[PDB]
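The listed protein sequences correspond, in order, to chains C, D and M.
Final position of the first sequence in the authors' numbering is 342; the numbers increase by one with none missing.
In terms of the authors' numbering, the second sequence is residues 1 to 196, 204 to 342.
Final position of the third sequence in the authors' numbering is 520; the numbers increase by one with none missing.
This report refers to the structure that appears directly beneath it.
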Amino acid sequence: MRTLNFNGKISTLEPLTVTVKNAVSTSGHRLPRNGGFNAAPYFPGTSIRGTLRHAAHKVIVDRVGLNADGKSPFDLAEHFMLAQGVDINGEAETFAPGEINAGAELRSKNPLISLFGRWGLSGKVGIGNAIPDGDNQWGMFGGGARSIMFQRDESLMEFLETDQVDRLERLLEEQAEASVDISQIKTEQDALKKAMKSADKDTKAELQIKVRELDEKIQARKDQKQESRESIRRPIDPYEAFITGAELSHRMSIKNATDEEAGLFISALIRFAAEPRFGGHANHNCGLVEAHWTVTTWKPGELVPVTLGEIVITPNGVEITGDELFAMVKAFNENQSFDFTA
Amino acid sequence: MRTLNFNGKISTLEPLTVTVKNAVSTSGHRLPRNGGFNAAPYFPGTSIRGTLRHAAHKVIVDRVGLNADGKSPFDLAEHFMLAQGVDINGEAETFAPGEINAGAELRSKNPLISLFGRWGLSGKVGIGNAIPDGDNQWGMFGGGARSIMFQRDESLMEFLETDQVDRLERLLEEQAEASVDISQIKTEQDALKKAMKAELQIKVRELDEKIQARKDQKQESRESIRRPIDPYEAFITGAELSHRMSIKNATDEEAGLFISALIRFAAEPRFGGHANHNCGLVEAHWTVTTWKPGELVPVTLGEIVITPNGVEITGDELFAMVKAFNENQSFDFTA
Amino acid sequence: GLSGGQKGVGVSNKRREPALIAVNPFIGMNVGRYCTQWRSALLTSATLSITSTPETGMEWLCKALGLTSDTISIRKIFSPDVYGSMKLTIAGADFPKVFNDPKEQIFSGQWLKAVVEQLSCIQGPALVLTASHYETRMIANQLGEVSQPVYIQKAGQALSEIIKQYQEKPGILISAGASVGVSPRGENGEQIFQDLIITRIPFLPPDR
RNA sequence: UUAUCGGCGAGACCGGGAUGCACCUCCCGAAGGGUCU
DNA sequence: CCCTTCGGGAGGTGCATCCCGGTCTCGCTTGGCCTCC
DNA sequence: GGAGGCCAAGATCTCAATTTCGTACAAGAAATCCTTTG
C-alpha cells in the first residue's frame, strides 16, 4: 500500500470538448473556466474519471470473461456499482458500524471499487483536472449548418417519387412560413426581453411570465406544423474545445495503492488507450488524446519521491516503463482472488 | 467487433475551403481557426463528416437500387434520417425507454445510421479535423471581380439589338450613379462607426434599410455588375493535412459500408465548397489500424489510398469488410 | 502597468492613433519633490478637504504626492461663516435605487421616472449635474419639454459651447462629469440657476 | 464620567459517488481587364 | 479609374441523492480527609 | 498534632432566537512630434 502520483501531460490529437451543465449557459457550449468566466478553461476531472472508470469496468468484465453467448456474469446492479457507483438494489449506508472494517476486505476482494469508490466508501483513485499549459489553447469548433440534402445536390431528386417531391415541397413551404412566424415571435420576445434589464422587480415577474407564454407560443407554432417538427435548415452552434496539439498538465493520485489496485488502474489506462477518447462530440472525432504520465511514489516520512516509471499512451502504442509498473500490472493480472459481485 | 482508427493525410489537389458561420466575420471570409485568430486553420470535421455521410447515403440507395422509372424505394423521412439524421416525421427521441436494446438490432439492420448516428443514437463514426502538417499551406484564393462583359470584348455589340444596346447604356450609367451614391452612403456609415448605443444601432439598421431601398430603386440592374469578389481563405494545393477518423465498435458490415462510402467519395473527391473554382478536390491516404482493447499496441489492418488515378485498397481485412458489407442482404434502411 | 496604477486604452489627441496607456508608479512623489524644490509652495483649493477636520481629511494629498511629516507644515480648513443661502432637498432611503443592475450600467426605471418627475416639478432655471454621459442621455430621453429650455452636454462637447448657448436662454442644463470646475455665470455675474440637482452621487466604478 | 481591580478560555479534517452525452457539408455566382522601341 | 451580392435557418430531451451528529465549565464557602511538616 | 491542599456538597431556576459596498470619469502643452515634404 503506497501512494502513486501520475503527473504528466495530455496532448490533444483531436479537439477535446465537454458540456458541464453549470459551465454551459444560454450563450452556448462552453468548457468550465477554472475560475471566473474569462479564466483559462480546464477539462473536467469528472469526465476523465468517468472515462477511466468505464475503461476499468470493461477491463474487469474482460478479466472475468463472458459466457459463450457473450454475456457477463455480473448482475446489472453490479455493473452500475462498478462503473458508476450507484447501488440500485437500494442499500449502501456510509456510517454502518459493522461496515467499519468491511471496507478493507471489500477493497481487497474488489480492486475496482477500492480504486473508484462508491457511496459510503472512499475512492483510492483521484483524477485531477486537465489544465492547458499555454494560452489560447482553446476555441470554438464544430460550428456549421444543417442544410437540405436535395437543395445542395440535385441528383437526389431523381430518387424521390412525385408524391414524395410534393412532400418535400410542403416541408419547405411549412419551413419558410413557420420560420418567418417564429422569427417575428423571437424578435418581439427579445424586444421585451431587453426591457427586463431596466424593470421594476415586481414587473420582472410579469416580464418572465410574458417570455414564458411567448416561448409556449413558439412551441405551439412548431406543433401546428405537420411535415416537420424541427427546422431542417439551421446553423449548428459551435462548441468550445481545446485545440489540436493542446498540452494539458494532468495529475492523478492513487492513495495507499496496493500492487493489484495500481495494476488494475494501469490496465484501465491500457484499455482506454485502445479508444483514447475523452469527453463528447464523438462525431468530429473529438477526445482523441496522446497522454504520457510519470508515476512517482512517496513513502511517508521520506523527503523526496521515487519515479517508478512512465506510462506513455500514443496512437502507435502503450509504453510502460519501470519494473515496478510492470510488476503491478502482472500482480493484478495474476491475482485470481477478486470478487466483484460484493 | 473492432474499433477502427483511420489515421492519415489529405493532400490538396485543388484549394480546400469551408465557410464556417462562426469563423467568418464581417472582416472577411476566413478558414475556421484552431483556437484564436492566429492559430493554424483546420478543415472542420463537420464538413468531412457531412460529405462522407452523403457519400454513404448514395452508396446505400445505389445498393438498394431503383425502380424501372428510377425511383428509390425510400421516402423523404428515410432519406433525411439516412444522410441528414433529421426525423421529418418527428419519430425520434433520446433516452427513450423501449429503445433500450433496439440499438443493436437497429444498427445491424441500418449500418449507415449506426455509423453516423441519429438524434439520440450515438454515431459510431467520428470524423476528425484536418490539421495542416507544416506552417503556411493556407491563403486567400478566388478574388477577382465580376465585370461588364460588354466593355471587355466588343464582338457582343454585333449580337445585341439597338434597344438592348440602349438598355446596356442605361444599365451602365445607372450603375455608375448607384455606385457613387452607395460609396457616399457607405463612407458616411464608416464615419459614424468610427464615431463610437442602442439608438446608434437602430440608426445603423435604418441606414442599411435605406441602402437596400436605394438598391431597390433600380429599374434593371439592382445588383452591381462590375463588383469585386471577396477572396475566400483555403488550403494551398499540395497541402498535407493530418486527418484522424475512428469507427468506434464497428461491425464488419459497418466498416464495409464506411469503406464503400470512401470509394464513392473518391469518385468525386470534393470537400467543402467553392466547387465553381474546383475547390475541395483532394487525394487522401489513410492507414486503418485496429486496437483490441487490453492489447498494448494496435495492428494495421490495411491502407486506403484515394487518388485521381484510382482508389487503392491494401490489406485483406479491408477487402473482407467491403465484401461482408456487400454480401449482407439483411439490411433494412426503411426504419 | 502591473506594478502600480491603472491600465487603459488611449487614442492620441492628434492622428487618433491606438495606444495602450499605463501609469508611472513612482512619479507620484516626483511632483512632491518638484513642489518642495520651490522655496515655499502652497496648495490651495475649494474641495481639498474631504472632511471638516484638517488633520484627518487631508491625507489624500499626504499620500498621493508622497508627502510624509517632512512636508505637513500646516493643514487648515477655512470656510466662510455665512456665504450665500442653501436649501437642501434629498432622496430618502425609500427613494428608488439608481441602478437596477450597476454591473451592466442599467438605471432602474423607477429611479429614472422619479428623477424625471422631480425635474418636471422645477419652476426656475436649474443646473442638473449628472455623473455619466449615459445618465445624461437616459434622463434626456425620458424627460421632455417641461416649460423650461433643455440643454445637454454631448459626450466630448466642450462645455463652453453648451454654457454659452444656455446662458442667453436659461433653464434646464444637464451637464455630465466633464464639468469639474466650471459654473454657468449669468453673463453679468447674477445667479441663473436657483436649483442645482445632483441626480446621483458620482460614485467611482470598482477598480478590480 | 458617582470610581480605582478582571484576556473567557481551551478540542475537533465534514468527508464520502457520479463521463453529460447523444445529429447536422453552409454552400450557392463571377474573366479585373486595357495604355505607351 | 471602376466597384464590394443575395439569405437561410438558429433543437428536440434527461434528471437534479442518500446521512451523520451539535461537548465538557465556571466563576463560592466550608469541612472531611490526606498526607506534609 | 497541627497545618496546608483536594475533593464533595450545598435550594431550585433563569428566556432572547438574527438575511449579501461603488458603475464610467477625463484640458492645454515641450512636445519628441517629427517629420513630413524631400
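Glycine residues also receive a C-beta, built at the ideal position from the N, C-alpha and C atoms.
Taking 8 Å as the threshold (C-beta atoms), are residue j and residue i in contact?
i, j, result
"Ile-243/C", "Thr-12/C", "yes"
"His-284/C", "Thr-46/D", "yes"
"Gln-184/C", "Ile-232/C", "no"
"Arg-221/D", "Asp-181/D", "yes"
"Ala-241/C", "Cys-286/C", "yes"
"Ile-464/M", "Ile-486/M", "yes"
"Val-86/D", "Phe-74/D", "no"
"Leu-379/M", "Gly-344/M", "yes"
"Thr-3/C", "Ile-254/C", "yes"
"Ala-273/D", "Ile-313/D", "yes"
"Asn-129/D", "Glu-275/C", "no"
"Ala-40/D", "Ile-127/D", "no"
"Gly-301/D", "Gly-309/D", "no"
"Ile-386/M", "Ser-364/M", "no"
"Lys-9/C", "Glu-247/C", "yes"
"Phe-278/C", "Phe-43/C", "yes"
"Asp-339/D", "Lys-193/D", "no"
"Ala-291/D", "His-250/D", "yes"
Excluding the 5 residues preceding and the 5 following residue i in the sequence, name in chain order all residues of the same chain whose CB lies nearer than 8 Å to its CB.
i, result
"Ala-331/M", "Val-321, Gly-322, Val-323, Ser-324"
"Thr-19/C", "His-29, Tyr-239, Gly-280"
"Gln-422/M", "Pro-408, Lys-409"
"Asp-259/D", "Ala-327, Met-328, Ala-331, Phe-332"
"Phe-150/C", "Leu-156, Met-157, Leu-160, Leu-168"
"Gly-340/M", "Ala-376, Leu-377, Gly-378"
For chain C, is any of its Cβ atoms less than 8 Å away from the one on residue i?
i, result
"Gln-430/M", "no"
"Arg-212/D", "no"
"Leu-248/D", "no"
"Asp-259/D", "no"
For residue i, which of helix, strand or coil comes out of DSSP?
i, result
"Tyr-42/C", "coil"
"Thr-17/C", "strand"
"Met-149/C", "helix"
"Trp-119/D", "coil"
"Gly-489/M", "coil"
"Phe-242/D", "strand"
"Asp-69/C", "coil"
"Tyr-463/M", "strand"
"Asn-5/C", "strand"
"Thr-365/M", "coil"
"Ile-311/C", "strand"
"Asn-333/C", "helix"
"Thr-12/D", "strand"
"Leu-168/C", "helix"
"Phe-407/M", "coil"
Which residues of chain D have a Cβ atom closer than 9 Å to the Cβ of residue i, listed in chain order?
i, result
"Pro-41/C", "What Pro-41/C touches in chain D: nothing, since even the nearest Cβ is about 11 Å away."
For residue i, go through chain C and note every residue whose CB falls closer than 9 Å to its CB, in chain order.
i, result
"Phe-95/D", "Result: empty, since nearest Cβ-Cβ is about 15 Å, beyond 9 Å."
"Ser-122/D", "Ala-282, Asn-283"
With a threshold of 8 Å between beta-carbons, can residue i be considered close to chain D, or not?
i, result
"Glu-14/C", "yes"
"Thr-187/C", "no"
"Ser-183/C", "no"
Between residue i and the rest of its own chain, which residues show a CB-CB distance below 6 Å, the 5 nearest in sequence each way excluded?
i, result
"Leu-66/C", "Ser-72"
"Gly-483/M", "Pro-437, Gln-460, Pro-461"
Quick one: list the residues of chain D neighbouring residue i, beta-carbon separation under 8 Å, in chain order.
i, result
"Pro-235/C", "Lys-21"
Mind listing the chain C neighbours of residue i? Cutoff is C-beta to C-beta under 7 Å, in chain order.
i, result
"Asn-34/D", "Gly-139, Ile-243, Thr-244"
"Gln-422/M", "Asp-200"
"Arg-107/D", "The contacting residues do not exist; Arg-107/D stays about 15 Å from chain C at best."
What does residue i reach in chain C if we use C-beta pairs closer than 8 Å?
i, result
"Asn-336/M", "Near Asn-336/M there are no residues of chain C at all, since even the closest Cβ is about 27 Å away, more than 8 Å."
So which residues on chain M does residue i lean against when the C-beta distance must stay under 9 Å?
i, result
"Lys-197/C", "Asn-412, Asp-413, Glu-416, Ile-418"
"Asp-190/C", "Within 9 Å Cβ-Cβ: nothing; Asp-190/C doesn't reach chain M, min ~16 Å."
Please list the partners that residue i has in chain D, where partner means a Cβ-to-Cβ separation under 7 Å.
i, result
"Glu-169/C", "Here the premise fails: no neighbours, minimum Cβ distance about 10 Å."
Once you ignore the five residues that flank residue i on each side, which residues in its own chain have a CB closer than 7 Å to its CB?
i, result
"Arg-170/C", "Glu-227"
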